[PDB]
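Since the structure comes first, as structure tokens, the remarks are kept for the end.
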Amino acid sequence: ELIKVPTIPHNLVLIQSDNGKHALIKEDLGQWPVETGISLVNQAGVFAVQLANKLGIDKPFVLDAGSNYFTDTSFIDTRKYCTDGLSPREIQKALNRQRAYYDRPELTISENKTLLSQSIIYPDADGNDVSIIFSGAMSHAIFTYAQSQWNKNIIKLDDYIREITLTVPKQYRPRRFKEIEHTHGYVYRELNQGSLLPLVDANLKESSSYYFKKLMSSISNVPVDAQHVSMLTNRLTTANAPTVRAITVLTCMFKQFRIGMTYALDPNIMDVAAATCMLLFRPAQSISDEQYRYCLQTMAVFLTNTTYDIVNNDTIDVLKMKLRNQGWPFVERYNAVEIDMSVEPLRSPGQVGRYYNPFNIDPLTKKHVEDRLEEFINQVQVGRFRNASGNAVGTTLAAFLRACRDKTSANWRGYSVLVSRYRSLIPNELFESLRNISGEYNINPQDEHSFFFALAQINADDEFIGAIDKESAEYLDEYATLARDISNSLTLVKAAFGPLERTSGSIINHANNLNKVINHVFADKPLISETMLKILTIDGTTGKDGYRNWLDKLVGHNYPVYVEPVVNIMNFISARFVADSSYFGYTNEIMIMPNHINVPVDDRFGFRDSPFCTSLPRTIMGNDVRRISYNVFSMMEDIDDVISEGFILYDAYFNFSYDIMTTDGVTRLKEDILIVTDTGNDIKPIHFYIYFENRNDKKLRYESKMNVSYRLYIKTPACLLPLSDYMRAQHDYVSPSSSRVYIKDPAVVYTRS
Amino acid sequence: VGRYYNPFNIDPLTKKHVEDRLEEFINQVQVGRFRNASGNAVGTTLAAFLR
Amino acid sequence: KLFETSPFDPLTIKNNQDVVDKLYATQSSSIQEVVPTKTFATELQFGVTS
């Protein structure tokens, strides 16, 4: 869903003194602790997501603040005054209280109208409405940047349709959107397809076994229509028909799905029939060179009455010549004919999909790809085999070949439709990558012959087609989840791990870091979906172990990873966290000086003994201020002499908080500046009590000079802003037009039903 | 300081076995016929356990 | 009467979205070019979240 944000997070407060002389505008983005000695960017990323949660920009959103306005009672006003942001009424009261202190006249009517009309809502040429309000600089910058990143994925409905036109099949009824949705319809789609190869290439065996099993659990459910000769009639069987049917579809659905047959030790006329059927009615791509030899050897052993010993060293050409001379013409494997898909395959933009036509039948000719099939059958009928005068072997083999040829020529279209439908389920990369690494789908010689001899018509009823439509949605969901999981895992590897050397220290470091990542990833809600866990646990290893080995492989990858909008939003916030530290409550250096030393400090806010400076002094009394790193300062045993002159502590991250008090008093720290122990020195937590200043209070002046002996100075936070500069807080937010309808289901076709 | 052989003949730089043709060898065994010219299932059983 | 059931009550709508939702609710009363059924999707991507 696409959420809608009603109000703008200005994140502003107004602090004014009791007498009204001094006021300031402060932007409160919170306090974030920073730990020293470790990388700051890694901590910034964690705080970036929490900051985005606070501002409500983590999830895709569209701002609607157009209706947050009111109209004045004047006749000639006709202007829309924005409600969002810091109200100009508060600024008016603060400015009026300031004027009361100085005995100046109150704001006149003309200036009151100008101040109260600063926040407005006005439309632009494109139809959007622009809100000008008072808000913080960082709140404005972060909010507007996240708006730009999410807007890249919001596209018109007609543009989305144009991108998915090529993938729409012909069987489905077109969907009629309303006329409003065509003119003012917008959708939120990512429109980027991540590659599935990193999972498939790393684990070819596990991935292939998972998809082959899933496809075969559905193809096996297809509705179907219901002496040597005595030997082959006895071996006839049907109990394994569903399995062989699905193997037939898989061979024609994938580019290279190789199957094997294990003949008996003593070849029978069963074995020659199975060898002939596979070499004739199976794709040459699914037949390996080794299986080509083994099938050829079985033919020679039975027909030539020779044992396996002599033919074990024969090459392919020698076996073909020996078989041909005896009278056997079926010695070649035949390439299938590729049929192009009507529509572009899923997750294959601008690509053409193809599948092999079953049973080696040419679509243009509608008969077997071998044009000498009838002539070849005649030779087998009249040939003499097994070195015998009788022709029982020759005639019975021709009878079965004719039956197999007739069966295939009549049932080929039904299997072609089944292959076409199941080919549309898999993308192009899976079509070219999946291999039968483990021979878990071998076919028995009796099963191969009985399958082709007793071929049955495939019945494609409404229930089967309806079942596949459900599977198509499930397959599409699974691919999307895996692509997201692959993208997440590829980003984790680059940020976390590095190269490995041949040193025991590197191996120990890699092992410990890897276990920490796995434990954190699988804690609470796991980072990886259950679909990827099923793939990685096919072998038998647990989910934690399967993910662990995959992460090790991905180290050092060159896979390109697309930069999603939420990557940029977090990156933008992380950069601002490091660059503008004072906004978030931490600084990189502090100064400790004695009271009697006069340092130049910020005097815009009217603070009594202000602890803020525009920049930490480069020189004091004509000499550069000493700078000491925190680690050196911690080990110092002559600290009492050093603090007499004053220094700047750096090379550390200092967390500080301040409470601005409206009344007048001594500006002091909550605790002592430093703590001195035997095992090093340290700086106690910094908390400021800042008070506004009355210059003529002799009591508070003497206390500042005498009671406090040392003072701590930090760079002035940039969140603070004097009231006189309230026009620097004016910022522009743009909300899209109210005449936009957002479509949750952008599908363009209906099920046939 | 000292040196010790990495267990199981795995090169840490490549994170794989020292023989780069190992996967090809396992596939060759699976399709191979052994102990007899006709298959005895030796290749399938050995390749499964070797993997 | 121009309609057996009105496509929508104009006094109830407040924006363009309300008209679309009302039109979908009353579409059963009108003669439809295509009677709606379960939608079929050929394109789906999941983006990374926060």
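Labels used: A, B, ... for chains in the order of the structure tokens, numbers from 1 for residues in each chain, and numbers from 1 for ligands as shown.
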Identify all chain B residues at most 9 Å from chain A by counting only C-alpha atoms; ligands do not count. Present them as a PDB file with C-alpha atoms, in the first residue's frame.
```
ATOM      1  CA  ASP B  11      42.562 -23.218  -0.006  1.00  0.00           C
ATOM      2  CA  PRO B  12      41.311 -20.280   2.110  1.00  0.00           C
ATOM      3  CA  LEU B  13      41.986 -17.795  -0.698  1.00  0.00           C
ATOM      4  CA  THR B  14      39.581 -19.609  -3.038  1.00  0.00           C
ATOM      5  CA  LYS B  15      37.462 -21.219  -0.271  1.00  0.00           C
ATOM      6  CA  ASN B  27      29.719 -35.826 -12.705  1.00  0.00           C
ATOM      7  CA  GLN B  30      27.968 -40.579 -11.987  1.00  0.00           C
ATOM      8  CA  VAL B  31      27.561 -41.320 -15.748  1.00  0.00           C
ATOM      9  CA  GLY B  32      30.463 -43.887 -15.709  1.00  0.00           C
ATOM     10  CA  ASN B  36      30.793 -54.325 -15.408  1.00  0.00           C
ATOM     11  CA  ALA B  37      30.153 -52.860 -18.885  1.00  0.00           C
ATOM     12  CA  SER B  38      26.451 -52.679 -17.907  1.00  0.00           C
ATOM     13  CA  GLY B  39      25.747 -50.361 -14.929  1.00  0.00           C
ATOM     14  CA  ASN B  40      26.061 -51.881 -11.420  1.00  0.00           C
ATOM     15  CA  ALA B  41      24.897 -48.601  -9.697  1.00  0.00           C
ATOM     16  CA  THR B  44      25.531 -43.399  -8.761  1.00  0.00           C
ATOM     17  CA  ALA B  47      29.022 -39.979  -6.741  1.00  0.00           C
ATOM     18  CA  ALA B  48      26.223 -39.416  -4.223  1.00  0.00           C
TER      19      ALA B  48
END
```
Could you list, with a cut-off of 9 Å and counting only C-alpha atoms, the residues of chain A near chain C, each shown with its nearest atom pair and the distance in Å rounded to one decimal, rows sorted by chain and ascending number, as a tab-separated table?
```
residue	atom	partner	partner_atom	distance
A:49	CA	C:50	CA	6.6
A:52	CA	C:50	CA	8.8
A:53	CA	C:50	CA	8.8
A:58	CA	C:50	CA	5.8
A:59	CA	C:50	CA	7.1
A:164	CA	C:43	CA	7.1
A:167	CA	C:42	CA	6.5
A:168	CA	C:42	CA	6.7
A:169	CA	C:42	CA	9.0
A:172	CA	C:40	CA	8.0
A:173	CA	C:34	CA	7.7
A:174	CA	C:34	CA	7.8
A:175	CA	C:34	CA	7.2
A:176	CA	C:34	CA	7.1
A:178	CA	C:20	CA	7.1
A:180	CA	C:20	CA	7.2
A:181	CA	C:20	CA	7.8
A:184	CA	C:16	CA	8.7
A:189	CA	C:45	CA	7.5
A:190	CA	C:45	CA	6.3
A:191	CA	C:45	CA	6.8
A:192	CA	C:45	CA	7.1
A:193	CA	C:45	CA	6.9
A:194	CA	C:45	CA	8.8
A:346	CA	C:42	CA	6.8
A:347	CA	C:43	CA	7.7
A:469	CA	C:40	CA	7.9
A:472	CA	C:42	CA	8.5
A:473	CA	C:41	CA	7.0
A:476	CA	C:44	CA	6.5
A:477	CA	C:44	CA	7.0
A:479	CA	C:45	CA	8.4
A:480	CA	C:45	CA	5.1
A:481	CA	C:46	CA	6.5
A:483	CA	C:46	CA	7.9
A:484	CA	C:46	CA	6.3
A:485	CA	C:48	CA	8.7
A:487	CA	C:48	CA	8.1
A:488	CA	C:48	CA	7.4
A:564	CA	C:48	CA	7.1
A:565	CA	C:48	CA	8.7
A:566	CA	C:49	CA	6.8
A:567	CA	C:48	CA	8.5
A:570	CA	C:50	CA	8.8
A:738	CA	C:15	CA	7.5
A:739	CA	C:16	CA	5.9
A:740	CA	C:16	CA	7.0
A:741	CA	C:17	CA	5.5
A:742	CA	C:17	CA	8.0
A:745	CA	C:39	CA	8.3
A:746	CA	C:41	CA	8.3
A:747	CA	C:41	CA	5.3
A:748	CA	C:41	CA	7.6
A:749	CA	C:40	CA	5.8
A:750	CA	C:39	CA	4.5
A:751	CA	C:38	CA	5.8
A:752	CA	C:37	CA	8.0
A:753	CA	C:37	CA	7.4
```
**Residue among A:289, A:640, A:471, A:659 lying closest to residue 28 (chain B), counting only C-alpha atoms** =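 Result for the nearest residue to residue 28 (chain B): A:289.
Residues of chain B assigned to helix (DSSP H, G or I) by DSSP on this structure's backbone: residues 7, 8, 9, 22, 23, 24, 25, 26, 27, 28, 29, 30, 31, 42, 43, 44, 45, 46, 47, 48, 49 and 50 of chain B.
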Residues as selected, C-alpha atoms, written as a compact mmCIF listing (two decimals), in the first residue's frame, can you do that?
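This is the output file result_18.txt:
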```txt
# COMPACT_ATOMS: atom_id res chain seq x y z
CA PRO B 7 42.33 -29.25 7.01
CA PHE B 8 40.56 -31.11 4.21
CA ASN B 9 42.76 -29.66 1.43
CA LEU B 22 36.38 -31.70 -8.63
CA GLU B 23 32.79 -30.99 -9.69
CA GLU B 24 33.54 -32.23 -13.22
CA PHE B 25 35.07 -35.41 -11.77
CA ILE B 26 31.99 -36.20 -9.67
CA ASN B 27 29.72 -35.83 -12.71
CA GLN B 28 32.05 -38.06 -14.73
CA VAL B 29 31.80 -40.80 -12.09
CA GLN B 30 27.97 -40.58 -11.99
CA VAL B 31 27.56 -41.32 -15.75
CA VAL B 42 28.51 -48.18 -8.44
CA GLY B 43 28.81 -44.78 -10.16
CA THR B 44 25.53 -43.40 -8.76
CA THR B 45 26.28 -44.62 -5.20
CA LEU B 46 29.88 -43.35 -5.19
CA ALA B 47 29.02 -39.98 -6.74
CA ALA B 48 26.22 -39.42 -4.22
CA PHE B 49 28.51 -40.07 -1.25
CA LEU B 50 31.42 -38.11 -2.74
```
**Request:** Enumerate as a ChimeraX atom specification all residues of region 638-719 of chain A assigned to strand (DSSP E or B) by DSSP on the backbone, naming them with the chain letters and numbers the document uses.
**Result:** /A:647-650,654-661,668-669,674-677,680-683,686-692,710-715
May I have the residues from that selection written out with N, CA, C and O atoms, as a compact mmCIF listing (two decimals), in the first residue's frame?
```txt
# COMPACT_ATOMS: atom_id res chain seq x y z
N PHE A 647 43.06 23.73 27.27
CA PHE A 647 43.35 22.87 26.13
C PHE A 647 42.04 22.54 25.42
O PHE A 647 40.95 22.89 25.88
N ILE A 648 42.16 21.84 24.30
CA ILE A 648 41.02 21.36 23.52
C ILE A 648 41.13 19.85 23.43
O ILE A 648 42.15 19.32 22.97
N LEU A 649 40.08 19.15 23.87
CA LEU A 649 40.02 17.70 23.79
C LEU A 649 39.37 17.30 22.47
O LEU A 649 38.28 17.77 22.14
N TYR A 650 40.04 16.42 21.73
CA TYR A 650 39.54 15.99 20.43
C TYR A 650 39.82 14.50 20.28
O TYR A 650 40.16 13.81 21.24
N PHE A 654 31.75 13.37 21.76
CA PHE A 654 31.26 13.82 23.05
C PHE A 654 29.76 14.01 22.97
O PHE A 654 29.27 14.80 22.15
N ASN A 655 29.02 13.32 23.84
CA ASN A 655 27.58 13.48 23.92
C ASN A 655 27.24 14.53 24.96
O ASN A 655 27.74 14.48 26.09
N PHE A 656 26.39 15.48 24.59
CA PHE A 656 26.02 16.57 25.47
C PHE A 656 24.54 16.87 25.35
O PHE A 656 23.93 16.63 24.31
N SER A 657 23.97 17.39 26.43
CA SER A 657 22.59 17.86 26.46
C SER A 657 22.54 19.19 27.19
O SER A 657 23.38 19.47 28.05
N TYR A 658 21.55 20.01 26.85
CA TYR A 658 21.41 21.31 27.49
C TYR A 658 19.94 21.59 27.78
O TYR A 658 19.06 21.17 27.02
N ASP A 659 19.69 22.29 28.88
CA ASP A 659 18.36 22.72 29.27
C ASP A 659 18.37 24.24 29.38
O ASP A 659 19.02 24.80 30.26
N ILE A 660 17.64 24.90 28.48
CA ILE A 660 17.56 26.36 28.50
C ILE A 660 16.49 26.76 29.51
O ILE A 660 15.33 26.37 29.39
N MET A 661 16.89 27.54 30.51
CA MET A 661 16.00 27.97 31.58
C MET A 661 15.56 29.41 31.32
O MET A 661 16.38 30.26 30.96
N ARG A 668 25.87 26.70 34.72
CA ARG A 668 26.80 25.72 35.28
C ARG A 668 26.48 24.35 34.71
O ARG A 668 25.41 24.12 34.14
N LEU A 669 27.43 23.43 34.88
CA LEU A 669 27.25 22.05 34.47
C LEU A 669 26.65 21.24 35.61
O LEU A 669 26.83 21.56 36.79
N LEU A 674 35.66 16.67 35.18
CA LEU A 674 36.47 15.48 35.01
C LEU A 674 36.49 14.66 36.30
O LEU A 674 36.24 15.17 37.39
N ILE A 675 36.79 13.37 36.14
CA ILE A 675 36.98 12.45 37.25
C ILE A 675 38.37 11.86 37.14
O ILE A 675 38.76 11.35 36.08
N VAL A 676 39.13 11.93 38.23
CA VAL A 676 40.52 11.48 38.26
C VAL A 676 40.59 10.21 39.10
O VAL A 676 40.30 10.24 40.30
N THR A 677 40.97 9.11 38.47
CA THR A 677 41.13 7.82 39.13
C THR A 677 42.55 7.33 38.92
O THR A 677 43.33 7.92 38.17
N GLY A 680 43.40 5.90 35.02
CA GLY A 680 43.09 6.83 33.95
C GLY A 680 42.12 7.92 34.38
O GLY A 680 41.52 7.89 35.46
N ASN A 681 41.99 8.91 33.50
CA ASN A 681 41.09 10.03 33.68
C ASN A 681 39.92 9.91 32.71
O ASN A 681 39.99 9.15 31.74
N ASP A 682 38.86 10.67 32.97
CA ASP A 682 37.69 10.65 32.11
C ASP A 682 36.92 11.95 32.28
O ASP A 682 37.09 12.68 33.25
N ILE A 683 36.07 12.23 31.29
CA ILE A 683 35.21 13.41 31.29
C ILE A 683 33.80 12.95 31.66
O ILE A 683 33.25 12.05 31.02
N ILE A 686 28.08 15.56 30.11
CA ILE A 686 27.93 17.00 29.94
C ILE A 686 26.45 17.34 29.90
O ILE A 686 25.72 16.87 29.03
N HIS A 687 26.01 18.17 30.85
CA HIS A 687 24.64 18.69 30.86
C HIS A 687 24.70 20.15 31.26
O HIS A 687 25.21 20.48 32.34
N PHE A 688 24.19 21.03 30.41
CA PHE A 688 24.28 22.47 30.60
C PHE A 688 22.97 23.01 31.16
O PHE A 688 21.89 22.59 30.75
N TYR A 689 23.09 23.94 32.11
CA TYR A 689 21.96 24.73 32.60
C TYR A 689 22.20 26.17 32.17
O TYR A 689 22.87 26.93 32.87
N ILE A 690 21.65 26.54 31.02
CA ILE A 690 21.89 27.85 30.42
C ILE A 690 20.78 28.80 30.84
O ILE A 690 19.59 28.46 30.75
N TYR A 691 21.16 29.99 31.30
CA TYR A 691 20.22 30.99 31.77
C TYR A 691 20.37 32.27 30.95
O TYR A 691 21.46 32.62 30.51
N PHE A 692 19.25 32.96 30.76
CA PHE A 692 19.28 34.26 30.11
C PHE A 692 19.82 35.32 31.07
O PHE A 692 19.71 35.20 32.29
N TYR A 710 36.27 26.73 36.49
CA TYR A 710 36.57 26.27 35.14
C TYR A 710 35.29 26.19 34.34
O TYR A 710 34.21 25.91 34.89
N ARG A 711 35.40 26.44 33.04
CA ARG A 711 34.25 26.46 32.15
C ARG A 711 34.52 25.59 30.93
O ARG A 711 35.66 25.49 30.46
N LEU A 712 33.46 24.96 30.43
CA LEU A 712 33.53 24.08 29.28
C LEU A 712 32.84 24.74 28.09
O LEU A 712 31.74 25.28 28.23
N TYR A 713 33.50 24.71 26.93
CA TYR A 713 32.99 25.35 25.73
C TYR A 713 32.88 24.33 24.60
O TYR A 713 33.76 23.49 24.41
N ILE A 714 31.78 24.42 23.85
CA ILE A 714 31.55 23.60 22.67
C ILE A 714 31.08 24.50 21.54
O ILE A 714 30.63 25.63 21.77
N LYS A 715 31.19 24.00 20.32
CA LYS A 715 30.70 24.74 19.17
C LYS A 715 29.19 24.89 19.26
O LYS A 715 28.48 23.99 19.72
```
**Prompt:** Between A:523, A:554, A:13, A:157, which has the minimum distance to residue 744 (chain A) (counting only C-alpha atoms)?
**Reply:** A:157
**Close residues, region 387-398 of chain A itself excluded, 10 Å, only C-alpha atoms, min 3 positions apart in chain, as a PyMOL selection string** = chain A and resi 227-229+232+269-270+272-273+276+303-305+326-328+376-384+401-404
Just want the 10 Å neighbourhood of residue 5 (chain C), counted on only C-alpha atoms, with same-chain residues fewer than 5 positions away dropped. Output as a PDB file with N, CA and C atoms, in the first residue's frame.
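File produced: around_13.pdb:
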```
ATOM      1  N   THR C  26     -21.625  -0.383  -7.567  1.00  0.00           N
ATOM      2  CA  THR C  26     -22.873  -0.389  -8.319  1.00  0.00           C
ATOM      3  C   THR C  26     -22.723  -0.988  -9.711  1.00  0.00           C
ATOM      4  N   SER C  29     -25.322  -3.564 -11.218  1.00  0.00           N
ATOM      5  CA  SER C  29     -26.626  -3.159 -11.733  1.00  0.00           C
ATOM      6  C   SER C  29     -26.571  -2.872 -13.228  1.00  0.00           C
ATOM      7  N   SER C  30     -25.414  -2.452 -13.730  1.00  0.00           N
ATOM      8  CA  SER C  30     -25.292  -2.069 -15.126  1.00  0.00           C
ATOM      9  C   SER C  30     -24.914  -3.264 -15.997  1.00  0.00           C
TER      10      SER C  30
END
```
